[PDB]
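Worksheet: the structure to be examined is printed underneath.
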Amino acid sequence: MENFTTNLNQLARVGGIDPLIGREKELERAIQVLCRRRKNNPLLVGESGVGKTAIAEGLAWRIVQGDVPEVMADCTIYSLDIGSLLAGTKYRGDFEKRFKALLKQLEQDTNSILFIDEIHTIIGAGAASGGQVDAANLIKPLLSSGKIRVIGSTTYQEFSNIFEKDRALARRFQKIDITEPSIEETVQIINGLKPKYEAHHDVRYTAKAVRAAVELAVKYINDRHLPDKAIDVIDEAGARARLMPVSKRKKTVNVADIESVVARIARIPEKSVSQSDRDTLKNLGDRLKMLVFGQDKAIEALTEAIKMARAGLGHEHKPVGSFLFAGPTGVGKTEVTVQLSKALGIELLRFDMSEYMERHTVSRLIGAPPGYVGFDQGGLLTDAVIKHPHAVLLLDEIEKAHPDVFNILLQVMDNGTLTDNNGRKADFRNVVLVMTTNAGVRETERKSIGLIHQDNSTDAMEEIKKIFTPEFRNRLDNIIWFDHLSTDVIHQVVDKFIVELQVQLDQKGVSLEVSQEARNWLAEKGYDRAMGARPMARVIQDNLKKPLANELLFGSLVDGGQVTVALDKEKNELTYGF
Amino acid sequence: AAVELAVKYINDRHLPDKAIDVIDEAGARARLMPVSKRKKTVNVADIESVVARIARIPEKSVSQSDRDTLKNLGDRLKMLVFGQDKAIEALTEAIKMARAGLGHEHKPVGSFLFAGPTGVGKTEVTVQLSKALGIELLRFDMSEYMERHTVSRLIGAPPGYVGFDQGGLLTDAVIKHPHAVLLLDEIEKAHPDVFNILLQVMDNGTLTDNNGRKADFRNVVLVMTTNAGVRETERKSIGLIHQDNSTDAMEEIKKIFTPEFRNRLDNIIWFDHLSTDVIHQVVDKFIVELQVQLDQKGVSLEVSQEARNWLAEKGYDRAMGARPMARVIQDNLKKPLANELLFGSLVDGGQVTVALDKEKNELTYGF
Amino acid sequence: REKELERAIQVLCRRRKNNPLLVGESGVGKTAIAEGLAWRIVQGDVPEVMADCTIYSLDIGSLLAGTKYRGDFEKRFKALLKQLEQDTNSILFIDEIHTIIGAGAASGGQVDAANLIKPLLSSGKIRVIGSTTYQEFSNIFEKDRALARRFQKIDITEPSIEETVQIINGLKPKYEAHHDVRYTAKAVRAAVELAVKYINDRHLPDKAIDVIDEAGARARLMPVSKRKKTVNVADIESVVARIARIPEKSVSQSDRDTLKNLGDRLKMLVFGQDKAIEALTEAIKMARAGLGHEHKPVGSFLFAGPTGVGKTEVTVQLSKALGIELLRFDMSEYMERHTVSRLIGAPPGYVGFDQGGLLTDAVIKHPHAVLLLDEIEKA
Ligand SMILES: Nc1ncnc2c1ncn2[C@@H]1O[C@H](COP(=O)(O)OP(=O)(O)OP(=O)(O)O)[C@@H](O)[C@H]1O
Ligand SMILES: Nc1ncnc2c1ncn2[C@@H]1O[C@H](COP(=O)(O)OP(=O)(O)OP(=O)(O)O)[C@@H](O)[C@H]1O
Ligand SMILES: Nc1ncnc2c1ncn2[C@@H]1O[C@H](COP(=O)(O)OP(=O)(O)OP(=O)(O)O)[C@@H](O)[C@H]1O
Ligand SMILES: Nc1ncnc2c1ncn2[C@@H]1O[C@H](COP(=O)(O)OP(=O)(O)OP(=O)(O)O)[C@@H](O)[C@H]1O
């Protein structure tokens with residue numbers, strides 16, 4: 001035992017193991033179990049990071065501090081490192097001699113408790129031959145006879161998958177469920193532990209820093225439990241603050257440092273909103289109007305959703321915003337979204353919904369159910385939002401997906417979550433959801449029969465309503481109708497496309513000038529309300545790019561020249577040059 | 001009592017030692033009593049306390065603060081969910097019976113199907129119930145169980161398969177939290193094979209997982225929500241008089257959930273549409289949420305009564321429930337505030353006054 | 001990678017569970033950073049807190065190698081940890097840290113490297129820097145919750161274009177030394193820009209570097225015939241083009257005439273329908289000229305008409321004339337809605353999941369190709 005276990009009273013008394021705060025009921029049972037006539041061995045079972053070891057060792061602390069029932073007073077708790085019982089072995093029989101020697105020592109002390117953490121690891125030692133499991137074979141009678149007292153500890157999952165197969169062991173200890181504290185209990189736990197962080201990091205925490213670490217961690221960090229989750233924030237903020245005095249920036253850790261740390265851990269930005277990001281955001285609405293012409297209202301809706309979220313007036317558990325972009329083809333429905341993600345500097349997660357035409361294609365978004373082929377793959381959607389929690393999520397031509405696929409978004413739009421096939425949750429609260437569609441267009445573009453042409457603008461009233469179930473629609477922030485582009489827009493579109501052409505040419509060392517007459521001509525020639533801005537690229541392709549490709553490819557316009565294009569008036573034909 | 005209670009509440013061990021353990025812990029417990037110098041014998045009440053602790057169930061509520069918490073549970077919920085009183089009452093009645101002891105031998109605390117128009121707090125009330133009671137909410141978006149084979153994610157892969165150690169997500173959630181509110185959202189979206197899992201739960205309080213262990217739902221409140229019948233509810237009839245289609249919505253529910261399912265529910269509660277009175281309450285609720293969000297930035301907010309009356313009058317839509325009201329709040333209050341909070345006077349300001357004129361019915365703003 | 005290290009240091013500086021885990025896509029510099037810190041410590045490019053501390057890199061294979069008998073592994077494992085605990089100013093670094101979870105427990109037991117490490121991380125006794133990909137982190141580290149709680153995940157993203165150029169400028173001298181080459185400024189900038197435009201299934205820090213290394217390696221085989229030269233933008237372009245399959249610079253050579261005469265080689269084979277020939281010929285020329293569509297296909301043209309008029313023959317002849325692969329897809333075989341899974345594959349969990357997807361594999365194998373969809377109206 002001398003070099004296999006740790007005397008926890010000795011440790012708790014001299015170095016300290018950090019105080020245990022609260023957990024009155026947890027200890028009440030542990031003691032009542034330890035006080036039983038037989039099988040007086042509690043097992044602390046729970047979610048990782050809830051204080052299972054904190055309690056098991058915390059008991060040693062209470063004993064050395066005298067804060068125990070006299071029954072427990074003066075008893076010694078020893079923690080066993082089973083790794084050391086194997087490190088000292090090699091051939092047959094040495095393990096058992098060593099293992100039993102420790103048991104004899106516990107029996108001889110008579111007033112001691114052994115603590116075995118990771119209790120599910122006591123299964124082992126036997127190998128090659130085996131059948132002698134250690135875990136049960138060397139201790140079943142020790143536990144059932146009351147000769148020794150053992151406190152164990154385990155993760156709830158390990159407990160059911162491993163620590164629960166051996167019924168004989170399952171029967172020999174009393175399980176105590178350690179659940180995670182609530183907000184207040186977490187705050188008091190921090191206050192009790194706080195002096196150790198302040199002492200370790202040479203920092204001090206404000207009342208708000210502590211209050212906030214708990215509330216913020218709960219809201220933003222969701223893969224850990226409260227008592228160790230809020231601590232990471234406090235400890236991390238401490239470690240960060242400790243790196244300031246290096247430039248003499250000695251300071252108290254305040255709520256501002258906590259928010260910076262939570263924001264970094266959760267990858268959700270929070271303080272830059274007060275800095276230059278105010279202008280990046282302020283100007284967002286206009287940068288996008290230089291890329292998508294017309295459609296200002298779509299730009300505003302996106303811009304507004306983002307501003308509210310950055311302002312802090314977002315929702316508590318919804319995507320940044322979620323609206324469907326409907327309209328005629330070639331009007332900037334996907335273009336504004338692509339540009340939004342560029343303007344914001346964030347990842348664009350683009351899915352083509354045309355690929356999800358069968359009901360069973362949902363498995364590509366979620367992953368196969370356990371037990372199936374594609375299980376370890378995970379889901380493509382849930383994974384995309386996990387790697388990039390701050391993103392623009394674009395679902396192109398959503399009306400092409402099998403309609404049951406839309407059901408996947410009900411919980412996304414409403415709770416910001418989606419659960420993958422491993423049970424992990426996607427978190428969409430920092431994702432802008434944009435879905436585009438051509439629903440209703442075929443109808444809006446149809447001519448009616450009669451003397452008076454009917455106004456078919458109520459496409460929203462039929463196709464959008466028939467396609468998207470009421471519960472889907474009632475979760476959208478908006479349904480935004482993109483219009484056909486006007487001729488004023490076409491002129492802007494043509495200018496835009498010519499610039500794109502100029503850039504491709506600049507990269508080849510040549511440049512292009514187009515006269516205004518030539519531009520107006522191309523705009524006038526290509527406009528077709530029905531196809532939006534889509535054909536303008538073809539008009540440019542035929543009137544400017546084809547001529548240029550011949551000049552670029554066969555030597556007429558290569559190194560040494562530039563091309564000027566002008567329109568004549570007689571034929572309205574374009575000129576070219578060098 | 002140790003013997004007859006252990007067989008009812010402790011189900012992972014055989015009786016000899018299972019009952020002795022109750023006796024032994026009760027013994028140890030009583031042994032730790034005369035430290036206060038109060039000598040004890042072990043009565044039925046001490047046995048019941050031990051079983052309650054071993055089985056992870058509630059003991060006796062009348063002398064507890066739980067008595068008061070339970071007594072006015074309906075009142076607190078009515079402050080969060082307006083209207084739909086009958087749903088609130090059904091939930092609290094089932095709970096009271098269970099704590100009263102007038103429960104079921106082997107069934108969930110109660111089992112309800114929440115049906116009705118959208119935007120009505122079918123989900124909202126369940127979420128608040130778990131908060132009001134202080135217990136874990138176990139959620140399961142049923143839209144994610146659309147294929148016959150998705151059942152294995154609820155109960156785990158069969159042994160020997162790639163998803164065998166993961167276990168089931170449902171049985172594990174229940175095992176970890178035996179006393180909980182279990183919410184199954186949009187249950188009608190799940191593949192019907194899923195309902196077969198629910199039928200046995202509703203009748204026995206239990207599911208066997210892929211490890212052969214059982215989840216005990218005896219202390220779980222089971223609420224599942226649905227939109228079955230909504231498209232029909234919102235349909236307008238042909239004629240001069242619009243018809244009440246709630247009767248057809250039920251026909252839709254009865255086609256999705258077969259008699260075998262329906263007979264295992266304690267109730268099917270058809271939630272009604274929200275009234276204008278409710279909207280006024282809803283608007284105040286949303287404004288308060290806004291005020292809280294603003295307080296977090298150090299900004300106070302006043303909204304006049306007329307501004308409230310107007311927002312409520314503007315946003316009400318009987319068919320869409322309360323969800324649109326939040327849209328009204330975003331456009332009339334949050335957007336203006338975001339600009340002031342982000343680029344203007346409220347950054348280090350801290351105050352905003354909102355009222356409207358009568359001539360334009362436009363809102364005021366500013367520090 | 002200043003911020004990536006700032007966080008790593010802040011994690012190492014924590015009181016407990018001060019073990020950063022570097023998680024990211026492959027080829028993004030995760031291990032470059034962990035080794036980079038050892039480099040910075042030695043060079044004095046780190047806070048005094050890290051200064052003078054030793055980072056050791058663990059060979060899991062040598063730790064497990066030879067551990068026969070019951071107890072040798074456990075002994076070696078513990079000896080290592082003891083040595084680290086007695087150093088007091090060291091950090092252990094583990095590549096592919098998810099593999100520690102698979103350390104050899106001898107038999108049916110659970111005593112292995114992860115179970116033996118856990119208490120020393122919780123206690124703050126030792127410091128470990130881990131490294132794993134987002135996929136290995138998800139399928140391995142994410143599952144062992146207790147171990148995962150002892151690491152602080154650092155999210156390492158792919159660098160920008162400007163950042164990639166800068167790492168090349170820093171790394172460059174070693175490629176120059178290794179290959180006996182020198183790289184021009186244009187060569188470096190282009191490796192990054194071109195790799196971004198043309199090389200898929202890789203991340204920048206690696207993608208640009210791979211081009212620099214190969215181009216250096218190409219030039220390394222020139223002064224064997226004493227064709228000594230530097231690596232210019234043209235050489236970088238050639239290397240990327242090897243992968244991209246359509247060079248932007250060779251278009252200026254004999255390729256100009258191969259392309260110029262394309263229209264006539266096709267007119268002599270397909271008669272009438274000159275307009276189809278022109279449509280195809282022009283699309284290619286623009287694409288080779290550089291007047292492409294940035295992200296769209298070379299061109300997409302529906303050929304409609306009476307039978308026996310050369311609609312598929314001209315496309316077949318095009319692929320022949322160009323010297324490129326013809327990918328054929330008979331649309332009549334996709335006569336039903338569900339037949340789409342033949343083109344892209346079955347969803348995960350379904351029979352045939354690992355069979356592939358005919359269209360996506362055809363295109364992936366042959367990036368430069370003519371894709372012909374016969375009788376599209378029959379799909
Ligand atoms: N009363 C408490 N005493 C000590 N620690 C507590 C307490 N309550 C919560 N904690 C938190 O839990 C941790 C205490 O250590 P503990 O051994 O209990 O972890 P754990 O719950 O067993 O997690 P794991 O399964 O990974 O070992 C600390 O992060 C601490 O912030
Ligand atoms: N308002 C606009 N300003 C400038 N260019 C535009 C505009 N609208 C469309 N375009 C042009 O069309 C493209 C933008 O993509 P767009 O949003 O129109 O796709 P879409 O609306 O989804 O149509 P589809 O039905 O084919 O998917 C760009 O090439 C862009 O030059
Ligand atoms: N009776 C109510 N009182 C106040 N707010 C309500 C009420 N009912 C609904 N709401 C509003 O709805 C919001 C939550 O939506 P809810 O949970 O009710 O949708 P649902 O019941 O699931 O219906 P569906 O999903 O079919 O659209 C609440 O935050 C609340 O603002
Ligand atoms: N314009 C042409 N000039 C010379 N030969 C030709 C022409 N068209 C077709 N042919 C010949 O006739 C045969 C059929 O040609 P092809 O398959 O390309 O026509 P198609 O448009 O595909 O008809 P289908 O409607 O059946 O698909 C080929 O062997 C081809 O050599």
Side-chain angles (χ1 to χ4, degrees), chain A residues 352 354 537-538 541-542 545-546 549-550 552-553, chain C residues 197-201 240-251 253-334 339-340 342-344 356-379:
Chain A
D352 293 305
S354 68
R538 288 192 289 271
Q541 186 182 52
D542 289 301
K545 291 179 179 174
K546 287 179 186 176
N550 285 340
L552 293 167
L553 293 170
Chain C
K197 185 171 179 176
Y198 299 111
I199 299 171
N200 297 319
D201 297 338
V240 172
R242 184 181 62 73
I243 297 165
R245 273 71 174 183
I246 304 176
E248 296 184 10
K249 302 297 185 183
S250 70
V251 73
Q253 298 174 333
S254 67
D255 199 53
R256 289 180 185 277
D257 295 298
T258 299
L259 180 59
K260 184 168 69 186
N261 293 324
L262 179 61
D264 294 302
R265 289 193 300 276
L266 295 172
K267 288 178 183 182
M268 75 186 183
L269 300 175
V270 177
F271 305 124
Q273 275 68 276
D274 288 344
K275 67 176 85 166
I277 294 168
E278 290 169 351
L280 294 169
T281 302
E282 291 297 329
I284 294 166
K285 284 190 293 188
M286 288 185 280
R288 296 302 312 282
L291 303 179
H293 297 285
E294 297 300 309
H295 58 271
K296 299 175 70 171
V298 171
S300 169
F301 317 83
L302 178 65
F303 290 175
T307 64
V309 299
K311 288 187 260 70
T312 60
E313 187 63 22
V314 70
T315 61
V316 172
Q317 293 302 334
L318 178 64
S319 74
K320 289 178 177 178
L322 295 172
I324 63 175
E325 191 72 21
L326 177 67
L327 306 177
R328 209 153 178 167
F329 285 96
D330 182 359
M331 295 298 104
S332 68
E333 294 179 8
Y334 304 89
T339 62
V340 171
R342 290 179 69 200
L343 297 170
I344 60 172
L358 295 171
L359 179 58
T360 56
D361 284 338
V363 174
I364 291 167
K365 288 182 180 179
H366 302 285
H368 184 194
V370 178
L371 175 62
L372 173 63
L373 309 182
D374 285 351
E375 327 266 3
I376 191 64
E377 80 266 25
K378 296 183 191 287

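To find a chain, count down the sequence lines: A is the first, B the second, and so on, and within it residues start at 1. Note: hydrogens, waters and symmetry copies are ignored here, and every other heavy atom, side chains too, is used.
Rounded to the nearest 0.5 angstrom, A:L552 CG and A:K545 NZ are separated by 11.5 Å. Annotation: the span from C:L262 atom CG to C:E278 atom CD amounts to 12.0 Å, rounded to 0.5 Å. Atom CD1 of C:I284 sits about 9.0 Å away from atom CD1 of C:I246, to the nearest 0.5 Å. If you take CZ on C:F329 and CG on C:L358, they are separated by 6.0 Å, rounding to the nearest 0.5 Å.
With a 4.5 Å cut-off on side-chain heavy atoms, C:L326 and C:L318 do not count as touching. The shortest distance between side-chain heavy atoms of C:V270 and C:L266 does not fall below 4.5 Å.
The side-chain hydrogen bond (donor to acceptor under 3.5 Å, both in side chains) search around C:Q273 returns none, not counting sequence neighbours. Qualifying side-chain hydrogen bond (donor to acceptor under 3.5 Å, both in side chains) partners for C:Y334, counting only residues two or more places apart in sequence or in other chains: none. Listed by chain and number, the residues in a salt bridge (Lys or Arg N to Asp or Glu O under 4.0 Å) with C:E333 are C:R342 (sequence neighbours excluded). Applying the side chain to side chain contact (heavy atoms under 4.5 Å, CB included) rule to C:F301 yields the partners C:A279, C:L280, C:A283, C:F303; only residues at least two apart in sequence or on another chain are considered. In terms of the side-chain hydrogen bond (donor to acceptor under 3.5 Å, both in side chains) criterion, C:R245 has no residue partners (sequence neighbours excluded). Not a single side-chain hydrogen bond (donor to acceptor under 3.5 Å, both in side chains) links A:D352 to another residue, sequence neighbours left out. Listed by chain and residue number, nothing satisfies the salt bridge (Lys or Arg N to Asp or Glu O under 4.0 Å) test with C:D274 (two or more places apart in sequence, or in another chain).
Sorted by first and then second residue, the side chain to side chain donor-acceptor pair (under 3.5 Å) pairs involving residues 358-370 of chain C (not counting sequence neighbours) form an empty list. Residue pairs meeting the salt bridge (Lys or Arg N to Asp or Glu O under 4.0 Å) criterion with at least one partner in residues 282-303 of chain C, sequence neighbours excluded, are C:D255-C:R288, C:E282-C:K285. Sequence neighbours left out, the pairs with a member in residues 260-273 of chain C that pass salt bridge (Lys or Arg N to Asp or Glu O under 4.0 Å) are C:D257-C:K260. Sorted by first then second residue, the side chain to side chain donor-acceptor pair (under 3.5 Å) pairs that include residues 306-318 of chain C, not counting sequence neighbours, are C:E313-C:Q317.
For the residue pair C:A287 and C:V298, the shortest heavy atom distance occurs at CB-CG1, 3.9 Å.
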Which donor-acceptor pairs under 3.5 Å do side chains of residues 370-379 of chain C form with protein atoms, sequence neighbours excluded?
unit_1, atom_1, unit_2, atom_2, d
C:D374, OD2, C:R328, NE, 2.7
C:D374, OD2, C:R328, NH2, 2.9

